[PDB]
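Chains as they are written, first to last, in UniProt numbering: chain A, 33 to 116; chain B, 238 to 345; chain C, 846 to 893; chain D, 1376 to 1519; chain E, 1472 to 1663; chain F, 894 to 941; chain G, 751 to 797; chain H, 260 to 764.
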Ligand SMILES: *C1O[C@H](CO)[C@@H](O[C@@H]2O[C@H](CO)[C@@H](O)[C@H](O)[C@H]2NC(C)=O)[C@H](O)[C@H]1NC(C)=O
Ligand SMILES: *[C@@H]1O[C@H](CO)[C@@H](O[C@@H]2O[C@H](CO)[C@@H](O)[C@H](O)[C@H]2NC(C)=O)[C@H](O)[C@H]1NC(C)=O
Ligand SMILES: [Mg+2]
């Protein structure tokens, strides 16, 4: 077949990255349940930003919510290692 | 350099920290190639095996010339004869885009 | 070969860029008046 | 043949120094053809190989956003050629592709250098030109 | 619409002040509240979920009374009405606890129901007649054993006629459905 | 910008008040939950 | 919902508003660099 | 949360909605949530009293906490599995108030005198519902009676809030959070509300509620939650690097067995290797632990038959390393269980009078036994499942060691293959991966009753399938790996580790 044209492969790559974090969002939203109220405040604010970005397919929001949801995921991972 | 001199009996050797940033003030990501050398009077002598290859991350890197490599570099095994001479450093840093290159020098 | 470096200093935003080399009567390239030499790339944030 | 079939091409680079001794550490500046992405796992073999290294920040990104590649060689032989190779695949679906380029130099001297191009139709990758004595013209066009 | 407000004070003293409100219906703009002595309740609501008699489709209405919001279903009979300050109380006798309740059933004694006195214009209940009622957990109010069931927008009231009024052709089918639902809810519950 | 609201206290003590706000076309929001004292009418007297 | 706004249920309110906090005690026993001990305290901020 | 103590006296009340709002396949997912939960609680060794109530219009009590059968995890699982969705479908109410009063009757003592241990006893209540109660009164007022009965939150001097925890699960396709949030207990930094998507990835749900305060040092217990790292997946796994001049860098694996001790193979080291040249990292930190001494087995000799014509001799290839400073156990650092110990008895849920031979019968039957080891792929730890060939193919597993390089023309098979070696590898009954040489020294792990037991130590393999530092591409099928049996060296381990108080039989 004809190979995918220009932006179509790039937008699909961004959607696959956002889809990967949303699979463990329910795990991470849970994982803040035994953590401090800041993490639980941050992830539910950051979670809807990723959820809307995937279904709206806006490039600006899908870029920002990818790095935003990655940031709180790093904070949770450092929280769970420091809490033991 | 951590110190602007070298004490001959320092077992760690001379440490030279690399700092690289863009002209407008943001951090440089790249990889540095750096080599050390010795200056005797007006004449400079180069140490070939002192070459190292370090990535420059967060706008920074660090390289050390150890005491053993300098003594292996010189053919004179006396540490007493090294006093009075001077060192120089020549570094070559290239960005990870590979589109530009800067050569710097610390000497004396 | 010419090297054009494009810089993105957003803290959390990667950018979709159309970049184009213009036609030149003094320089031969794929850019002519009818057919332009343009590309579509993506620059990650805090990177070049 | 093992049902991995796609539009596939392989790039091979070789060099040799002409001086009286082996040249020391040199650097490979490689630029992809437009819409071409290298096979990653071939460069994994090259980076971990002896006398060879690829920087981490360049290496771990890879895939479609890889257009310029930086490869460091610790030495090149002066008697015979040193070589390496990796695969490339098109993903962009565009005609009149831009040729790629490979430039060689050393860290102590950028000025003495050498640069060759490549294209899947033109031998030196320099496309097509017309020239009468000293006066040359652009010619990457249809004939009429 | 939200009422506006005007506050007056001086630059050397904010503490001594005065504040008045305004609304195009309310004189002081303070909307509507109910209060018995010191214990007050919110009252910016409809008086109750009044239906316009056209929905005689009781079979839909009674099946929708098995929704999880309903915390009591009672069959009552009004005895005596007394007006008061900004409210009026309706002394009713509970005949049977059809669904739920959350308190003791007792059955056969006086149970006081209270409405805002501005809701007399919406619907006037009449003494000695039977009435079928249901509400939710925010309706019963106060402290035990002086619990008080307050009539609000979520409370529903409909007259259950006497035996001779059922023999009229309009209340023929009405007394069927309310009688079947009485059996339907003390036998089968809700299937949700 | 200040947004006034009107409320009526119903029961004594340190009771809870909560408000929220969210912006359109961006996913930035804020919520404020504070408590304030509901005091019955009257005043301090220190007699002997 | 489908509209371009955060839904109300997942809006998380700020509520930790005390004026004075971080009433803590610590002892400088870190390695003395020029006689100076460098202590790192990772601390939560408030709302 | 929930405290797990071996002196535990805990009542676990399980309430399940059976109304028409749930759906049978959501009801089955509700049951599968509870069965893995009961099994994970029984993996600790705590004996709670289970209560099982399914309700619709009317509650039906299946297991009462007063019965002696309430402390049997296996029986309560059998009673829960038999319950069908359409068992009381014809009564399809949602009367949560009566079910809480039934739980209130369970905790209620007769007359005015509670039995002693009432303040000792912990209480746990678990509810699964749609959040749409429609029959009976308000359910919240029975909880206030439960709060008043247990004297919790009613005294400033002794608040007693740590004795009751209430969790609510949102099951069914349609769910009301508002009722569920009011029903659930509300505590700071403790998750008590679960939604419909929370029913998947059960290990993450259990990780939030469980507090392992009194159960830190339990051997062979794994956190399998999706956010867990390699060391949540393997708390015992220790990475051992030997960097010495001329010899160069070499890496081997180990397994935590005590606060001061790690078990690994002996051929990774030698007598000439110094203690400062050996670095061990257990929890994944870059801070390598310093060691005190390495205890070689007394009968180990790599050059035992060197004068006869055998190049390397791998009999008794085990060693114990002593740390300079002891470890502190955590979620990523825990020891692995050793056979014929009291910890292994509590792990296998055996009576305490179980002998060392009875455990030997269960762990090593004369058949193909499921097992696993750990390997590295691009600096990340991963699991490799193998089979121990202890059955009739044990002789065929030993015979493929003839193809080992350097040992092709050695005549006697019983000389080089001692009874210490356990044999894995091959393609029968299933394809078993072969170790890299960096994988040497690791444990051979067998899984029984939600716990993990070590039965061997990784020794050597016949064919080095990982010669080009990668295990890439297929290899011949007769490549076997050998592992040192722990039952053979049990008197040496019991002699050395009786000072560590592991409870040897
Ligand atoms: C509870 O209902 C079933 C129980 O397994 C699941 O139903 C999902 O929802 C609809 C059916 O109503 C299907 O289109 C999905 O494919 C179902 N499966 C999924 C999401 O895995 C589900 O687990 C539960 N939730 C809902 C909303 O039905
Ligand atoms: C069981 O409950 C009692 C309540 O009476 C708890 O309080 C202890 O009571 C005994 C005797 O009345 C005192 O000696 C203790 O000092 C009390 N403990 C306190 C005040 O913390 C106690 O939790 C339990 N008593 C036991 C186990 O003897
Ligand atoms: Mg129901």
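C-beta: ideal position from N, C-alpha, C; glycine also.
*Which residues, in chain order, does the stretch 80-101 of chain A contribute to contact with chain C at a C-beta distance below 8 Å?*
91, 92, 95, 96, 99, 100
*Where the beta strand (DSSP E) through residue 643(H) begins and ends*: 639-648
*Taking residue 509(H) as the reference, give the member of 455(H), 550(H), 728(H), 274(H) with the closest Cα.*
When only C-alpha atoms are compared, the closest one is 728(H).
*For residue 326(H), which option in 603(H), 311(H), 420(H) has the closest C-alpha, if you only look at C-alpha atoms?*
311(H)
*Taking only heavy atoms of ligand 1 into account, decide whether any of them is closer than 8 Å to the Cβ of residue 791(G).*
No, Cβ of residue 791(G) sits at least 8 Å from all heavy atoms of ligand 1.
*What residue range is occupied by the uninterrupted beta strand (DSSP E) comprising residue 1484(D)?*
Counting along the chain, the beta strand (DSSP E) containing residue 1484(D) begins and ends at 1484-1493.
_Pair within 9 Å by beta-carbon distance, residue 356(H) and residue 401(H)_ = yes
*What residue does the alpha helix (DSSP H) around residue 73(A) start on, and which one ends it?*
First-last of the alpha helix (DSSP H) with residue 73(A): 69-88.
*Could you give the residue range of the alpha helix (DSSP H) that holds residue 108(A)?*
91-115
_Any non-hydrogen atom of ligand 2 closer than 8 Å to residue 377(H) Cβ_ = yes
*Check distances from the C-beta atoms of the stretch 899-915 of chain F to those of chain E and list, in chain order, the residues that come in under 7 Å.*
Residues of the stretch 899-915 of chain F that bring their beta carbon within less than 7 Å of a beta carbon in chain E comprise 899, 901, 903, in sequence order.
*For residue 434(H), which of 458(H), 481(H), 450(H), 388(H) has the nearest alpha-carbon?*
388(H)
_Counting beta carbon pairs with one atom in the stretch 756-764 of chain G and one in the stretch 410-424 of chain H, are three or more of them shorter than 8 Å?_
no
*Looking at the unbroken beta strand (DSSP E) that takes in residue 1413(D), where does it start and where does it end?*
1411-1413
*Quick one: grab the DSSP three-state call for residue 394(H).*
coil
*Among 96(A), 36(A), 103(A), 115(A), which has the Cα closest to the Cα of residue 74(A)?*
Selected option, being the one with the closest Cα: 103(A).
*Determine whether the Cβ of residue 925(F) lies closer than 9 Å to any Cβ atom of chain G.*
Chain G places a beta carbon closer than 9 Å to that of residue 925(F), counting this residue as a contact.
*Listing by chain order, which chain F residues have their CB less than 9 Å from the CB of residue 1489(E)?*
In chain order: nothing, as chain F lies at least about 16 Å away.
_What does the alpha-carbon distance come out to for the pair residue 772(G) and residue 591(H)?_
30 Å
_Option nearest residue 1391(D) by Cα separation, candidates 1516(D), 1408(D), 1488(D)_ = 1488(D)
*By Cβ distance, which residues of its chain are closer than 7 Å to residue 422(H), with the 5 residues on each side in sequence left out?*
Shown here for residue 422(H): same chain residues with a beta carbon closer than 7 Å to its own, the five before and five after excluded, namely 381, 382, 409, 411 in chain order.
_So, does the stretch 581-591 of chain H touch the stretch 551-564 of chain H, judging by three or more C-beta pairs under 8 Å?_
yes
*Helix or strand or just coil, what does DSSP make of residue 306(B)?*
Of the three classes helix, strand and coil, the one that applies to residue 306(B) here is helix, per DSSP.
_Backbone CA spacing between residue 778(G) and residue 65(A) [nearest angstrom]_ = 34 Å
*Residue-chain proximity (residue 397(H), chain E), Cβ-Cβ < 9 Å*: yes
*Cβ pair residue 449(H), residue 436(H) closer than 9 Å*: no
_Taking the alpha helix (DSSP H) that residue 458(H) belongs to, which residues open and close that run?_
Premise fails: residue 458(H) is in no alpha helix (DSSP H) and is neither H nor E.
*asked:* Between residue 417(H) and ligand 2, is there a pair consisting of the residue's CB and a ligand heavy atom that are separated by less than 8 Å?
replied: yes
_Endpoints, the beta strand (DSSP E) within which residue 421(H) is located_ = Counting along the chain, residue 421(H) falls outside any beta strand (DSSP E), and DSSP gives it neither H nor E.
*Residues near residue 321(H) in its chain [Cβ-Cβ closer than 6 Å; skip 5 each side]*: 311, 338
*In three-state terms, what does DSSP make of residue 1506(D)?*
strand
_I want to see whether chain A comes within less than 9 Å of residue 860(C), judged by CB atoms only; does it?_
Answer yes: the Cβ-Cβ gap between residue 860(C) and chain A drops below 9 Å somewhere.
*Where does residue 498(H) sit, in a helix, a strand or coil, going by DSSP?*
Three-state DSSP puts residue 498(H) in a strand.
*Any residues in the stretch 314-335 of chain B with a beta carbon nearer than 7 Å to a beta carbon of chain D? Which ones, in chain order?*
Listed by position, the residues of the stretch 314-335 of chain B near chain D (Cβ gap below 7 Å) are 329, 333, 334, 335.
*Would you verify that the beta carbon of residue 37(A) is, or is not, closer than 9 Å to some beta carbon of chain D?*
yes
*asked:* To the nearest angstrom, how far is the alpha carbon of residue 507(H) from that of residue 501(H)?
replied: 8 Å
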